[PDB]
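Structure, as structure tokens:
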Amino acid sequence: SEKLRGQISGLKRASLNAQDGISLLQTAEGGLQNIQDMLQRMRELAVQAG
Amino acid sequence: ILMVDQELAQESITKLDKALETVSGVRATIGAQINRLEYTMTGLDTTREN
């Protein structure tokens, strides 16, 4: 009983940690998307000249 | 700038051209800043969402 209780508690804590982790990557991909959006306008106005 | 005799018109045209170029340059700077701010608009909202 004691071992099973400990395992249940640990599994719950890991379940929380998973979403705690996922939020950070979501933020990172948002920032990267903004940067990628800017870079293409730079390239377009680059091919403008010449 | 004087328009009195038939000699100052040429200098007048030169000065007018130079002033026109100056005004165009200042307008270009204003447009550049406004576009940069418009681009920096959206990342703040995306970060707020995340």
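So if the hydrodynamic radius of chain A is defined as the Kirkwood radius over C-alpha pairs, what does Stokes-Einstein give as its diffusion coefficient at 25 °C and 0.890 mPa s, in µm² per second?
Translational D for this selection: 169 µm²/s.
Take chain B, compute every pairwise Cα distance, and split them into 5 Å bins from 0; I just need the percent in each bin.
Distribution as computed: 4, 16, 13, 10, 11, 8, 8, 7, 6, 5, 4, 4, 2, 1, 0 percent.
FYI, it's all coordinate maths here, none of it is from the lab.
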